[PDB]
$ cat my_file13.pdb   # PDB, C-alpha atoms
ATOM      1  CA  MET A   1     -31.840-133.742 104.481
ATOM      2  CA  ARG A   2     -35.382-134.571 103.295
ATOM      3  CA  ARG A   3     -37.501-136.998 101.233
ATOM      4  CA  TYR A   4     -38.636-136.732  97.597
ATOM      5  CA  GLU A   5     -40.807-138.725  95.178
ATOM      6  CA  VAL A   6     -39.373-140.218  91.971
ATOM      7  CA  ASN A   7     -41.542-140.178  88.826
ATOM      8  CA  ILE A   8     -40.108-142.222  85.929
ATOM      9  CA  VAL A   9     -42.028-143.465  82.861
ATOM     10  CA  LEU A  10     -40.550-146.502  81.062
ATOM     11  CA  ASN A  11     -41.658-148.009  77.731
ATOM     12  CA  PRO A  12     -44.333-150.495  78.784
ATOM     13  CA  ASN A  13     -43.706-152.624  75.679
ATOM     14  CA  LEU A  14     -41.593-155.349  77.331
ATOM     15  CA  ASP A  15     -43.269-158.763  77.661
ATOM     16  CA  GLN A  16     -44.072-160.484  80.982
ATOM     17  CA  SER A  17     -40.726-162.313  81.174
ATOM     18  CA  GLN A  18     -38.818-159.087  80.445
ATOM     19  CA  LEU A  19     -41.010-157.144  82.889
ATOM     20  CA  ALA A  20     -39.841-159.519  85.640
ATOM     21  CA  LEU A  21     -36.219-158.448  85.059
ATOM     22  CA  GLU A  22     -37.216-154.815  85.755
ATOM     23  CA  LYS A  23     -38.276-155.710  89.308
ATOM     24  CA  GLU A  24     -34.729-156.991  89.899
ATOM     25  CA  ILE A  25     -33.081-154.024  88.140
ATOM     26  CA  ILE A  26     -35.427-151.332  89.519
ATOM     27  CA  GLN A  27     -34.723-152.557  93.077
ATOM     28  CA  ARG A  28     -30.973-151.974  92.594
ATOM     29  CA  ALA A  29     -31.598-148.506  91.127
ATOM     30  CA  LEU A  30     -33.049-147.373  94.463
ATOM     31  CA  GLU A  31     -29.598-148.093  95.811
ATOM     32  CA  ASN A  32     -27.990-146.423  92.780
ATOM     33  CA  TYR A  33     -29.705-143.256  93.961
ATOM     34  CA  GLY A  34     -27.901-143.763  97.292
ATOM     35  CA  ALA A  35     -31.377-143.235  98.777
ATOM     36  CA  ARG A  36     -33.353-145.540 101.094
ATOM     37  CA  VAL A  37     -36.967-146.452 100.289
ATOM     38  CA  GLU A  38     -39.290-145.610 103.203
ATOM     39  CA  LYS A  39     -42.449-146.797 101.405
ATOM     40  CA  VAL A  40     -43.362-148.476  98.087
ATOM     41  CA  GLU A  41     -46.452-147.281  96.174
ATOM     42  CA  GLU A  42     -47.748-149.251  93.167
ATOM     43  CA  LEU A  43     -49.444-147.168  90.446
ATOM     44  CA  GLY A  44     -50.348-150.096  88.161
ATOM     45  CA  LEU A  45     -51.145-147.769  85.239
ATOM     46  CA  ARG A  46     -53.705-149.118  82.740
ATOM     47  CA  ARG A  47     -52.208-149.777  79.285
ATOM     48  CA  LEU A  48     -54.799-148.865  76.623
ATOM     49  CA  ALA A  49     -55.697-151.497  73.998
ATOM     50  CA  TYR A  50     -56.289-150.886  70.271
ATOM     51  CA  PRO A  51     -59.064-148.385  71.009
ATOM     52  CA  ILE A  52     -57.978-145.360  73.081
ATOM     53  CA  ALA A  53     -60.149-143.571  75.672
ATOM     54  CA  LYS A  54     -58.912-144.177  79.240
ATOM     55  CA  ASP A  55     -55.704-142.604  80.572
ATOM     56  CA  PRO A  56     -52.412-142.855  78.682
ATOM     57  CA  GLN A  57     -50.330-146.038  79.105
ATOM     58  CA  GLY A  58     -47.100-145.858  81.145
ATOM     59  CA  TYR A  59     -45.494-146.808  84.483
ATOM     60  CA  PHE A  60     -45.234-144.338  87.389
ATOM     61  CA  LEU A  61     -43.414-145.381  90.586
ATOM     62  CA  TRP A  62     -43.654-143.445  93.877
ATOM     63  CA  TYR A  63     -41.183-144.057  96.727
ATOM     64  CA  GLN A  64     -40.174-142.086  99.834
ATOM     65  CA  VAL A  65     -36.411-141.534  99.976
ATOM     66  CA  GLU A  66     -33.847-139.848 102.241
ATOM     67  CA  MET A  67     -31.301-138.071 100.028
ATOM     68  CA  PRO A  68     -29.824-134.588  99.707
ATOM     69  CA  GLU A  69     -31.421-132.255  97.129
ATOM     70  CA  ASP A  70     -28.042-131.599  95.449
ATOM     71  CA  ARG A  71     -27.195-135.221  94.597
ATOM     72  CA  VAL A  72     -30.682-135.558  93.067
ATOM     73  CA  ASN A  73     -29.612-134.068  89.722
ATOM     74  CA  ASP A  74     -26.625-136.440  89.660
ATOM     75  CA  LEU A  75     -28.654-139.627  90.228
ATOM     76  CA  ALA A  76     -31.521-138.268  88.105
ATOM     77  CA  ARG A  77     -29.036-137.587  85.329
ATOM     78  CA  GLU A  78     -28.315-141.340  85.154
ATOM     79  CA  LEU A  79     -32.006-142.279  84.871
ATOM     80  CA  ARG A  80     -32.545-140.042  81.811
ATOM     81  CA  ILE A  81     -29.333-141.437  80.284
ATOM     82  CA  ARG A  82     -30.714-145.006  80.341
ATOM     83  CA  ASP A  83     -32.299-146.530  77.242
ATOM     84  CA  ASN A  84     -35.587-147.621  78.878
ATOM     85  CA  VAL A  85     -35.996-144.284  80.694
ATOM     86  CA  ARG A  86     -37.732-141.529  78.692
ATOM     87  CA  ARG A  87     -37.517-138.648  81.191
ATOM     88  CA  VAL A  88     -36.822-137.834  84.859
ATOM     89  CA  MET A  89     -39.282-135.939  87.084
ATOM     90  CA  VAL A  90     -38.115-134.799  90.539
ATOM     91  CA  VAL A  91     -40.675-133.122  92.826
ATOM     92  CA  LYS A  92     -40.527-131.972  96.450
ATOM     93  CA  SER A  93     -42.609-133.985  98.945
ATOM     94  CA  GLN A  94     -45.047-131.505 100.538
ATOM     95  CA  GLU A  95     -48.772-130.712 100.904
ATOM     96  CA  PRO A  96     -50.907-130.524  97.763
ATOM     97  CA  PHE A  97     -52.027-127.177  96.292
ATOM     98  CA  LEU A  98     -55.192-126.225  94.366
ATOM     99  CA  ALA A  99     -57.580-123.248  94.104
ATOM    100  CA  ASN A 100     -61.152-124.220  95.066
ATOM    101  CA  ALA A 101     -62.239-122.018  97.996
TER     102      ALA A 101
END
$ encode --input "my_file13.pdb" --output "structure tokens"
Amino acid sequence: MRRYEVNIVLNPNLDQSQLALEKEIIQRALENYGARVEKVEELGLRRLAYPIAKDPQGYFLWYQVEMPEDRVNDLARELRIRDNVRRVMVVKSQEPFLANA
């Protein structure tokens, strides 16, 4: 019983029309995970143009869910098996950590 954040990077090569279909498919995937979304965060990554200098292009979604930690590998396993998905990152939702004191 707890909440986790999902980090998935999909090939941002689809056009605008195709990108619209993702919003309809991505919404159903939340349900595929049998998890409920408590909040929706938009990363809006910045795709780099010909010249490269800013951050790397990609799409990172962050949502608060309510699912067991054991079924995470099962639902995560499906995400990595998809064609548009490149990898699956599952992290625990807790306080940040850094050495600076």
$ closest_residue --input "my_file13.pdb" --among "A:35, A:43, A:26, A:85" --to "residue 68 (chain A)" --atoms "all atoms listed in the file"
A:35
$ atom_distance --input "my_file13.pdb" --atom1 "CA of residue 83 (chain A)" --atom2 "CA of residue 11 (chain A)"
9.5 Å
$ residues_around --input "my_file13.pdb" --residues "residue 1 (chain A)" --least-positions-apart "3" --cutoff "9 Å" --atoms "all atoms listed in the file" --output "CSV table (one decimal) with C-alpha atoms, in the frame of the given file"
chain,number,residue,atom,x,y,z
A,66,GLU,CA,-33.8,-139.8,102.2
A,67,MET,CA,-31.3,-138.1,100.0
A,68,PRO,CA,-29.8,-134.6,99.7
A,69,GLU,CA,-31.4,-132.3,97.1
$ resolve_selection --input "my_file13.pdb" --expression "the PyMOL selection byres ((chain A and resi 34) around 12)" --output "number ranges by chain"
A: 27-33, 35-37, 65-68, 71-72, 74-76
$ write_last_selection --input "my_file13.pdb" --atoms "C-alpha atoms" --output "PDB file, keeping the file's coordinate frame"
ATOM      1  CA  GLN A  27     -34.723-152.557  93.077  1.00  0.00           C
ATOM      2  CA  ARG A  28     -30.973-151.974  92.594  1.00  0.00           C
ATOM      3  CA  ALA A  29     -31.598-148.506  91.127  1.00  0.00           C
ATOM      4  CA  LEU A  30     -33.049-147.373  94.463  1.00  0.00           C
ATOM      5  CA  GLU A  31     -29.598-148.093  95.811  1.00  0.00           C
ATOM      6  CA  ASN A  32     -27.990-146.423  92.780  1.00  0.00           C
ATOM      7  CA  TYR A  33     -29.705-143.256  93.961  1.00  0.00           C
ATOM      8  CA  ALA A  35     -31.377-143.235  98.777  1.00  0.00           C
ATOM      9  CA  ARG A  36     -33.353-145.540 101.094  1.00  0.00           C
ATOM     10  CA  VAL A  37     -36.967-146.452 100.289  1.00  0.00           C
ATOM     11  CA  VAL A  65     -36.411-141.534  99.976  1.00  0.00           C
ATOM     12  CA  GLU A  66     -33.847-139.848 102.241  1.00  0.00           C
ATOM     13  CA  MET A  67     -31.301-138.071 100.028  1.00  0.00           C
ATOM     14  CA  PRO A  68     -29.824-134.588  99.707  1.00  0.00           C
ATOM     15  CA  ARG A  71     -27.195-135.221  94.597  1.00  0.00           C
ATOM     16  CA  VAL A  72     -30.682-135.558  93.067  1.00  0.00           C
ATOM     17  CA  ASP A  74     -26.625-136.440  89.660  1.00  0.00           C
ATOM     18  CA  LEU A  75     -28.654-139.627  90.228  1.00  0.00           C
ATOM     19  CA  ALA A  76     -31.521-138.268  88.105  1.00  0.00           C
TER      20      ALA A  76
END
$ resolve_selection --input "my_file13.pdb" --expression "the PyMOL selection byres ((chain A and resi 9) around 6)" --output "PDB file with C-alpha atoms, in the frame of the given file"
ATOM      1  CA  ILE A   8     -40.108-142.222  85.929  1.00  0.00           C
ATOM      2  CA  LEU A  10     -40.550-146.502  81.062  1.00  0.00           C
ATOM      3  CA  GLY A  58     -47.100-145.858  81.145  1.00  0.00           C
ATOM      4  CA  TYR A  59     -45.494-146.808  84.483  1.00  0.00           C
ATOM      5  CA  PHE A  60     -45.234-144.338  87.389  1.00  0.00           C
TER       6      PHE A  60
END
$ axis_aligned_box --input "my_file13.pdb" --around "region 18-34 of chain A" --padding-each-side "6 Å" --output "lines of an AutoDock Vina configuration file"
center_x = -34.5
center_y = -151.4
center_z = 88.9
size_x = 25.1
size_y = 28.3
size_z = 28.8
$ resolve_selection --input "my_file13.pdb" --expression "the PyMOL selection byres ((chain A and resi 5) around 6)" --output "JSON, numbers by chain"
{"A": [4, 6, 62, 63, 64]}
$ atom_distance --input "my_file13.pdb" --atom1 "CA of residue 39 (chain A)" --atom2 "CA of residue 14 (chain A)"
25.6 Å
